[PDB]
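# sequence plus experimental coordinates follow:
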Amino acid sequence: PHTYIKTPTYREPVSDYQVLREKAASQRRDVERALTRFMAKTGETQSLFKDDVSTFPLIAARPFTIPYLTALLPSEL
Amino acid sequence: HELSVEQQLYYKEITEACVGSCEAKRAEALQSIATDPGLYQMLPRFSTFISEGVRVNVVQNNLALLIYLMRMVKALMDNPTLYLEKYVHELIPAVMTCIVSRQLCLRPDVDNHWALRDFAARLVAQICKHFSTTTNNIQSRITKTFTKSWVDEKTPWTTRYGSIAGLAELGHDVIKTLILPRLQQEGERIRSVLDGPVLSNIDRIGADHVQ
Amino acid sequence: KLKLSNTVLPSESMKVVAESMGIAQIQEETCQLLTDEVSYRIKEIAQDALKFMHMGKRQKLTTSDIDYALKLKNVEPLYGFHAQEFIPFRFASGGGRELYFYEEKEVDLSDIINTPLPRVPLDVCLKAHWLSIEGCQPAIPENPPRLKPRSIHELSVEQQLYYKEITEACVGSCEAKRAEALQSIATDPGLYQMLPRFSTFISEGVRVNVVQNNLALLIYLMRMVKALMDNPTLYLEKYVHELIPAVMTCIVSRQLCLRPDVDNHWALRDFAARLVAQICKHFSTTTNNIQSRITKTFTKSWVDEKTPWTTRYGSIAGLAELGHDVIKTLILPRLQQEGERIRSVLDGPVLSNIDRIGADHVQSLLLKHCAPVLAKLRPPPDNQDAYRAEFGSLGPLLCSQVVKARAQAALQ
Amino acid sequence: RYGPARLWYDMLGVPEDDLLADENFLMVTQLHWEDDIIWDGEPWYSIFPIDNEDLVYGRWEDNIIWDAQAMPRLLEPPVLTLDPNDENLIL
């Protein structure tokens, strides 16, 4: 049934809503964790615990000159 | 298909941290790229950024930005979570361009293009150790480009240096069956070293580096 | 452009024939008259014997074509003799004379009687097969040979199902299934373009199959390697860099499963591995890459002090099956070390380990190789106690093995 | 211009929008396969994975820039193609 005839095959598609929700959720959580750890490590940092930069680093609070512009204005529109 | 704002901001900060404002933010960005779990969905953007940035060396022969892009590739390879098998066809000619191109410098005489040569040669030996499969034929096709760039005359001493550097970082049997037949070429090199009519040219430093 | 000429037989051969017959003092124009007449008759017959070649649908002029071309020109096909009366043999071909240029021109009349007659070949039979199935030629042995689009695997699903069936048959659950699958590997013409997946299945299998020393899994994989090698269609030396470290591991490795009992098979696992190893050094050979590399690894396996004796026995077998000269040049300066190892296993009481079994197998194999190595390069004189100059390992029993080899040579 | 590599585009300021014999290269003659030998160690959908067609088939060697000034052909900006064959990408 293989000497003279050939038909193509494809890769296994994952159309499952559960695992797609899990993949998108975990990728969003991982990229936002990586972004916040990178921004807390390359700037001024605070800490809830004494000398705690590796675990739970906080980006330090900087004052704005005009705070209503960064508060009230929408960024995605 | 379009990156969410979170990862769009992460892509912007990580790429602008590796352009050269300071070294510490660069080291933390490379330690981010090497050690994060979820950087897929941003691998094609990084591959496009790296390959186009190595292409932009032809308009501006910046050695420093090429060293930064090669350290970006070396950081991308050390990530255990992301698999570069689908995007290696873009990163192979970028590292190859950093190896076998002839002008890697803005001032050819003082810039150590030589290190971006052996660093990228070690990088391509790693990229064809981890990814060469008999369906791929990565290593045989890389050795063939290096070999026909080395055996062929008219090639500059910089690109011959890159060819010899990559071939010698591949391993011991490669230098047994590629380098050792053309050891007589050293005589053709020492033709222009021990006795050159023009001494103050730039061929002598490249020739004794090759030597 | 055609520079066609008219080549005739030389006239200086025609005067030799004439003066060896009684016709002396012939002129050159008389002699040139002979060599254009007979060179025409050779050209007339060879053009007429080419008619029988084309009619018989052959491209080679056989010896019988000139027998029918002569009979067509009313000349007797007899070459050795000519019968004036013509009645004993009338235009009957005697098949020519089996004569040579480099012949002996004298034989003994009982040499022709005592030689065995050649085998009459098989009679003509009619087998049918398929050149074309609805336009496509099958690969049977009777035949000669922006989002990027979702890609397809380079194997068909009939090919992928074939690969799955052949691999699940080659792990040897049933023996008839194995044997067909092995013959299918041995003669499938279209087994290229599936060969990376077979080489990867072999290589990966042995390495995770020596984690627990599963002998059948290994004996089946070695038979799969042997079935891959004798297939004539596929190109193997692109994949031999995965094939060779798999077989070296079968030969030079320790056995994680029960040490004794299947050691008999273990010797065969090392027997099948050393067979395919020297077959791989026979093929695929270029300068100083494959054979010398496995020879160097076998020798540094041997000269290594205080080896595992399973590894020792396997490496001994591997260096043993390398041919005529290899044991002639390598096993020579090492007999004393082999004897000392045997003496240590003998002295230490420890019997529940595998050291004693390994020692006995190694000594027997080394003694058989030394026997012909001796039968091959010296006469069989003083076969009683001269071998005591070589520590007295095989001695008279080695001499008896040499005598058995001599008897086999006499039978040949 | 606005896609990945926009930073490079902005920095540039562009605004539109016998030793070559086949055997030498066979990996039996170029690989220390001795290291592999293990000594004293201690289908309706595809069964096998699908390889990068561009790496397996394309001539990526044509994107190597051998000489910056003397470049045999003219290269063009590359658009992001987001291959969906790769898993780990949501779309």
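Perfect, I can see it now. Numbers count the residues shown, from 1 in each chain, chains lettered A, B, ... in the order given.

# okay, and the beta partners of the residue nearest to residue A:53 when sequence neighbours are not counted?
Nearest non-adjacent residue to residue A:53, counting by C-beta to C-beta, 6 or more residues apart in numbering or on different chains: residue A:45, 5.9 Å away. Where C-beta positions appear, they are placed from N, C-alpha and C, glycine not excepted. Beta-bridge partners of residue A:45, counted by DSSP bridges, are residue A:59.

# ok, which stretches of chain A are helices?
Along chain A, the stretches classed as helices by DSSP state H are A:17-41, A:67-72.

# may I have the shortest one exported as CSV, CA atoms only?
Which is helix A:67-72. The C-alpha trace of helix A:67-72 is given here as CSV (Å, rounded to 0.1, in the frame of the first residue of the first chain):
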residue,chain,number,x,y,z
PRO,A,67,0.2,63.7,38.1
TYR,A,68,-3.3,64.1,36.6
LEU,A,69,-1.8,63.6,33.1
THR,A,70,-0.5,60.1,33.9
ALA,A,71,-3.5,59.3,36.0
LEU,A,72,-6.6,60.3,34.1
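
# for residue B:196, which three-state class applies?
The assignment at residue B:196 comes out as coil when based on DSSP: H, G, I helix; E, B strand; the rest coil.

# ramachandran angles for whichever residue of chain D sits closest to chain A?
Residue of chain D nearest chain A, by C-beta to the nearest C-beta: residue D:45 (4.4 Å). Main-chain dihedrals, residue D:45, degrees, to the nearest 10: phi -100, psi 160.

# how near is the nearest residue to it once chain neighbours are set aside to residue D:44?
In this structure, residue D:45 finds its nearest non-sequential neighbour in residue A:12, 4.4 Å apart by C-beta to C-beta, 6+ apart. Noted for residue A:12: a distance of 9 Å to residue D:44, by C-beta to C-beta, to the nearest Å.

# buried residues, stretch A:29-49. List them.
For stretch A:29-49, the neighbour count (16 or more other C-beta atoms under 10 Å in any protein chain shown) marks A:30, A:31, A:32, A:34, A:35, A:37, A:38, A:39, A:40, A:41, A:42 as buried.

# now render these as a markdown table, adding distance to residue B:73.
As requested, the buried residues of stretch A:29-49 are exported to a markdown table (distance: C-beta to C-beta, whole Å):
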| residue | distance to residue B:73 |
| --- | --- |
| A:30 | 22 |
| A:31 | 20 |
| A:32 | 25 |
| A:34 | 19 |
| A:35 | 21 |
| A:37 | 22 |
| A:38 | 19 |
| A:39 | 24 |
| A:40 | 26 |
| A:41 | 22 |
| A:42 | 21 |
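
# of those, which is the nearest to residue C:242?
Distances from residue C:242 to these, taken as C-beta to C-beta, are shortest for residue A:30 (36.4 Å).

# contacts only, for residue 64.
I went with chain A, as the question did not name one. When contacts are counted by C-beta atoms under 8 Å, 6 or more residues apart in numbering or on different chains, residue A:64 touches residue A:70.

# my question was about chain D, not that one.
With C-beta under 8 Å, 6+ apart, residue D:64 has these contacts: B:93, B:96, B:97, B:100, B:145.

# also residue D:11?
Contacts for residue D:11 were tallied using C-beta under 8 Å, 6+ apart; they are residue B:56.

# and chain D, which of its residues are near chain A?
Proximity of chain D to chain A, by C-beta under 8 Å from any C-beta of the partner chain, involves residues D:43, D:44, D:45, D:46, D:49, D:50, D:85, D:87, D:90.

# change it to 10 Å
Counting by C-beta under 10 Å from any C-beta of the partner chain, the residues of chain D lying close to chain A are D:43-50, D:84-91.

# let's see the ChimeraX selection covering just the buried ones among those residues.
In ChimeraX syntax, the buried subset of the residues of chain D next to chain A is picked out as below (16+ other C-beta under 10 Å):
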select /D:43,46,47,48,50,84,85,86,89
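
# quick one: the helices of chain A as a markdown table, columns for distance to residue D:14 too.
Formatted as a markdown table, those follow (distance: least, C-beta to C-beta, whole Å):
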| stretch | distance to residue D:14 |
| --- | --- |
| helix A:17-41 | 29 |
| helix A:67-72 | 33 |
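
# re earlier: contacts only, for the residue of chain D closest to chain A.
Residue D:45 sits next to A:9, A:10, A:11, A:12, A:13, C:153, C:157, C:160 when contact means C-beta atoms under 10 Å, 6 or more residues apart in numbering or on different chains.

# tell me the spacing between it and residue C:389.
Separation of residue D:45 from residue C:389 (C-beta to C-beta): 71 Å.

# where do the helices of chain B begin and end?
B:5-17, B:23-34, B:43-55, B:63-77, B:88-100, B:113-127, B:138-150, B:157-170, B:172-174, B:185-190, B:203-210.

# number of nearby residues for residue B:112?
Counted with other C-beta atoms under 10 Å in any protein chain shown, residues neighbouring residue B:112 total 12.

# that one and residue B:105 touch, don't they?
Yes: if you go by C-beta atoms under 10 Å, residue B:112 and residue B:105 touch, sitting 8.4 Å apart.

# and the longest helix for chain D?
Longest helix in chain D, counting by DSSP H: helix D:6-12.

# and the next helix or strand past that one?
Heading C-terminal from helix D:6-12, the first helix or strand you meet, by DSSP states H and E, is helix D:53-56.

# now do that following helix: distance to the chain's middle.
Relative to its parent chain, helix D:53-56 has a centroid offset of 7 Å by C-alpha atoms, centre = their mean, to the nearest Å.

# residue contacts, residue B:44?
Residues near residue B:44 by C-beta under 10 Å, 6+ apart: B:86, B:87, B:90, D:4, D:80, D:81, D:82, D:83, D:86, D:89.

# which of those residues count as buried?
For these, a burial check counting by 16+ other C-beta under 10 Å picks out B:86, B:87, B:90, D:4, D:82, D:83, D:86, D:89.

# how much space between the first one and chain D?
Between residue B:86 and chain D the distance is 4 Å, computed by C-beta to the nearest C-beta, to the nearest Å.

# leaving out the residues flanking it, which one is nearest to residue 48?
Chain wasn't specified; assuming chain A. The shortest distance from residue A:48 to any non-neighbouring residue, by C-beta to C-beta, 6+ apart, is to residue A:56 (6.2 Å).

# um, chain B though
In space, residue B:48 is closest to residue D:4, 4.0 Å off (C-beta to C-beta, 6+ apart).

# that neighbour contacts residue B:11, correct?
Yes: contact criterion C-beta under 10 Å: residue D:4 and residue B:11 qualify, at 7.9 Å.

# could you pull out the residues contacting both of the two?
Shared contacts of residue D:4 and residue B:11, defined by C-beta under 10 Å, 6+ apart, comprise B:3, B:42, B:45, B:46, B:49.

# would you mind measuring from the fourth one to residue D:58?
Remark: distance between residue B:46 and residue D:58 (C-beta to C-beta) = 20 Å.

# who's more crowded, the two?
Neighbours were counted for residue B:46 and for residue D:58 using other C-beta under 10 Å; residue B:46 has more, 24 against 12.
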